[PDB]
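At the far end of the sequence shown sits residue 754, using the deposited numbering, and the numbering has no gaps. Right, one structure below, let's go through it.
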Amino acid sequence: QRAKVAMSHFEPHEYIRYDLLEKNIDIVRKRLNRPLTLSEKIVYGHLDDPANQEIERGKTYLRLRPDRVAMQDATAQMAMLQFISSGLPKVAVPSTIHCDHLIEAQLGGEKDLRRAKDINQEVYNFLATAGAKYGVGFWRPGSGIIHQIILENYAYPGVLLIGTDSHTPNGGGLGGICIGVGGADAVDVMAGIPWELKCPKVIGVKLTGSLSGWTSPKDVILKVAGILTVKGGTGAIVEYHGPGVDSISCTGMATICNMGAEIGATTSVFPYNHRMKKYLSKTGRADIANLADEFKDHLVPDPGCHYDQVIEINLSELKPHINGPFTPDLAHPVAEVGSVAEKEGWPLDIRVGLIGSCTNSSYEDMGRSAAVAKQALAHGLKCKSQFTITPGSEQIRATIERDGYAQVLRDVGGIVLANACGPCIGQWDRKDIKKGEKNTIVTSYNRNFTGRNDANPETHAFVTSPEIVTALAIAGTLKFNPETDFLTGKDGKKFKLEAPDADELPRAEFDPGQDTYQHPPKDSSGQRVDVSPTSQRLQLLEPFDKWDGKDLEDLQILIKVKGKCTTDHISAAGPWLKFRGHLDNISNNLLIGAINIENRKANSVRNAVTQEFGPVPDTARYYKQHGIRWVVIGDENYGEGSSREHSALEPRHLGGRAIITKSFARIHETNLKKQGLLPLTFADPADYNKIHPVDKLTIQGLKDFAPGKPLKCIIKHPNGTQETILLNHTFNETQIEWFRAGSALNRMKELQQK
Ligand SMILES: O=C(O)CC(CC(=O)O)C(=O)O
Ligand code: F3S
Numbered sequence: 001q002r003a004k005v006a007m008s009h010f011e012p013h014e015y016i017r018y019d020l021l022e023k024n025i026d027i028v029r030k031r032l033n034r035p036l037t038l039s040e041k042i043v044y045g046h047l048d049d050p051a052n053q054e055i056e057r058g059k060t061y062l063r064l065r066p067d068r069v070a071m072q073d074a075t076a077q078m079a080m081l082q083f084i085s086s087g088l089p090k091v092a093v094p095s096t097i098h099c100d101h102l103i104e105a106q107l108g109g110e111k112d113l114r115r116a117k118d119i120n121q122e123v124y125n126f127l128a129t130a131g132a133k134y135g136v137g138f139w140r141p142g143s144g145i146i147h148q149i150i151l152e153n154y155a156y157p158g159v160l161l162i163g164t165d166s167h168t169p170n171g172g173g174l175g176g177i178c179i180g181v182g183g184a185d186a187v188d189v190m191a192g193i194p195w196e197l198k199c200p201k202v203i204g205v206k207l208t209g210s211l212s213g214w215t216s217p218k219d220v221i222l223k224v225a226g227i228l229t230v231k232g233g234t235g236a237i238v239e240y241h242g243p244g245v246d247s248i249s250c251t252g253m254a255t256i257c258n259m260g261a262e263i264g265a266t267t268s269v270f271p272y273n274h275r276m277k278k279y280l281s282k283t284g285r286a287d288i289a290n291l292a293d294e295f296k297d298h299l300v301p302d303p304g305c306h307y308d309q310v311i312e313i314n315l316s317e318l319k320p321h322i323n324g325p326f327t328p329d330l331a332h333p334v335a336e337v338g339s340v341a342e343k344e345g346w347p348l349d350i351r352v353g354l355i356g357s358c359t360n361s362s363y364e365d366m367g368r369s370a371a372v373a374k375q376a377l378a379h380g381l382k383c384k385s386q387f388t389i390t391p392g393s394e395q396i397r398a399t400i401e402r403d404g405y406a407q408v409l410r411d412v413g414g415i416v417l418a419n420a421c422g423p424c425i426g427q428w429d430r431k432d433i434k435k436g437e438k439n440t441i442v443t444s445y446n447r448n449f450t451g452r453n454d455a456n457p458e459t460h461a462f463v464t465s466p467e468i469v470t471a472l473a474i475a476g477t478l479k480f481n482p483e484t485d486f487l488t489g490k491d492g493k494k495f496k497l498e499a500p501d502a503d504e505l506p507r508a509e510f511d512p513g514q515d516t517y518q519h520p521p522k523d524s525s526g527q528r529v530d531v532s533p534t535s536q537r538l539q540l541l542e543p544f545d546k547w548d549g550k551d552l553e554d555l556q557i558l559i560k561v562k563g564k565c566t567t568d569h570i571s572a573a574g575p576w577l578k579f580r581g582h583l584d585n586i587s588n589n590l591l592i593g594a595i596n597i598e599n600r601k602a603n604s605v606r607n608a609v610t611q612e613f614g615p616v617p618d619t620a621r622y623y624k625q626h627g628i629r630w631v632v633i634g635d636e637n638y639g640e641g642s643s644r645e646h647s648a649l650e651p652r653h654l655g656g657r658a659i660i661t662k663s664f665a666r667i668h669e670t671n672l673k674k675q676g677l678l679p680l681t682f683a684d685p686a687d688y689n690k691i692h693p694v695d696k697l698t699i700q701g702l703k704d705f706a707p708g709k710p711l712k713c714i715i716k717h718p719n720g721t722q723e724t725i726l727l728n729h730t731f732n733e734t735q736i737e738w739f740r741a742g743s744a745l746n747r748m749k750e751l752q753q754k
């Protein structure tokens, strides 16, 4: 580039290329002759061939070149095992591993981390020596959650980042396009080959007016999530714009982009502005803010660009929301929630109040919560409810500890957890409740899907802002309304809580703490990564079987699924995170949470040959070792939610050939195409009703599988009648070559020594 500004302090040699962004935006622009939106300037500015790429929103696959790859340890292990199979010597672009998902919340900060490094040494040692070997930066356990460390250090305006985690959109708060992928996508960018993405549609949310009072950043996406619903953002990028953007802090925009994951959006973004500039300078990147000022025309949307849908939100009319309890789109005003809770039968007293995680742990969030706490403390009050605080990184922990906020928070009765996901992925040894107990918890997190936080099917969880969690934690009930109600203080008077007052960013500079990162040695020609042969936590992958040239005849339906089938129903987390690097050991959880439409129950399907109802993994394994190939039938938005490729690998490992649904979630359908399976959808969703558990399916037409040709499916009924239905697919020729080879990895290996 002419300027020589680095990507971050950890890669001082790898410079930001806004000169290329601009050259590819100018090549696209003159092919398209129209204003482009911000996410179009940034996506199309990273095309591998901007002169020739075919560009149509919602239709074409763009072949893109991401700037950096970030990985989290619950998904980094399988991604690094696939990279190890490619045979390639080093990673092609800046990648980092972050160790945040294997640390269980039990007693608090220090004790929980000590136990996690003991319990997990094998996997942390595997991730660091493979990181050292292949040149991947490694953030040590206890250093912080992937998105918080990415916002503090690696996101910048104009970046195209991919991450093996759904909440990777978080990065959009600093003006970049950050997309979550399954681990095999990350190994394409690390292997140095173009990354493909279905060309996004763009939803424009216009922000007008200003935040006031108890209303925070969080409220905007709780409001938008309820307007669009979980199905709302599928296949689109949400792009925030308006005069109101500049009334939100940089870490508030990151809160909003983060939860856009919850409506199925490919990612969300905000346009570069003064708030981002301020945060870039206060986090040791003033030079990035100076470069970006010079390229600002390319980091804002063109005037007059066309959004495929515009939603307008008046921030000055906005008021606090609390969303739940079993989806993030059931939206409520914090004024109404008490009411709805008594008519609906949701438990009114707040058992546990949990604040933090990467969605709501900025210096501003911790401070606004303390500003509430300090008030309750001046009246001899304490949290009525149990109270946990998870700092997003060691820098937010060291900084808020030093400036006092952490001590206010413990003085009202909260325990500070390790800087890791913990209760946000449900990695938590809970004790206050017997399992099955019906109880309400309230979090500042993002997802509140059933069983997400403690695996109690009946814990009702509500997501809101950290200050409202803190206020309701002292209150102990969903009946309390912070902005109206009175609280009875130890000295018998009544008083009411004042709306939080707090610094956006420190007066001082940020404390980073010590010992957080392991640099890779461009040295150690002689790093050795050794999966013990009979290790129960890590296992080297063995190639899947190449496609046999024939059609798929008389396939068994392992399960026909009723309703919502999230990737947590397909591959659960909780106890199974200890097997995220062992494929046959984590496959023993295949589809155990999905509801069987035959009997309305989870984990009991009928074995076609023994005629006994029993566990799905056992049955799929019975089928596999007897030569029966099977299929799953789903309803809508199948594979919704968490990014894990384990949802696609475990079907392949047990004998699965195809998943046919009315519609798929984006990251799960890419993960099925990547593992050699067939993601297919009904040309008519009503055809879901034609297929019963008992039928055998023949998927015919593979010999001339082509983009756009539907595949024909012959349903064969026990009584000899058959029906033929049509099935659509979104494969392009790159992806058909993945199916043909047995998986995308097998194909990457054929472009070397076959
Ligand atoms: O319908 C599809 O072809 C896929 C989805 C999601 C995506 O990959 O962007 C869409 O285009 O809406
Ligand atoms: S990455 Fe963030 S969304 Fe929760 S599971 Fe971890 S704190």
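Even for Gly, the Cβ is constructed at its ideal location relative to N, Cα and C.
Residue i CB to nearest heavy atom of ligand 1 below 6 Å
i, result
"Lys674", "no"
"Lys198", "yes"
"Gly235", "yes"
Cβ-based burial, residue i [other Cβ within 10 Å; buried from 16]
i, result
"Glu640", "buried"
"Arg397", "buried"
"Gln514", "exposed"
"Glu110", "exposed"
"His653", "buried"
"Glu542", "exposed"
"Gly163", "buried"
"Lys431", "exposed"
"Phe126", "buried"
"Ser268", "buried"
"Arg452", "buried"
"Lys343", "exposed"
"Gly593", "buried"
Nearest-angstrom beta carbon gap, residue j and residue i [assumed within contact, 8 Å]
i, j, result
"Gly367", "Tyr405", "6 Å"
"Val123", "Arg537", "6 Å"
"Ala602", "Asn589", "12 Å between Cβ atoms; not a contact."
"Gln82", "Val187", "5 Å"
Three-way DSSP call (helix, strand, coil) for residue i in this model
i, result
"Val181", "coil"
"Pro169", "helix"
"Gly656", "strand"
"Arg351", "strand"
"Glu152", "helix"
"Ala706", "coil"
"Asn585", "helix"
"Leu222", "helix"
"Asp554", "strand"
"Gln611", "coil"
"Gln722", "strand"
Cβ pair residue i, residue j closer than 7 Å
i, j, result
"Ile145", "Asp100", "yes"
"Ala191", "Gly176", "no"
"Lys374", "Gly476", "no"
"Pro423", "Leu354", "yes"
"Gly614", "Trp630", "no"
"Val442", "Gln386", "no"
"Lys206", "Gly233", "no"
"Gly182", "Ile714", "no"
"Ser210", "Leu318", "no"
"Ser39", "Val202", "yes"
"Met80", "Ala130", "yes"
"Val408", "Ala370", "yes"
Proximity test, residue i beta-carbon vs ligand 2 heavy atom, cut-off 6 Å
i, result
"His167", "yes"
"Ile355", "no"
"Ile263", "no"
"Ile145", "yes"
"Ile150", "no"
"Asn446", "yes"
"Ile715", "no"
"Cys178", "no"
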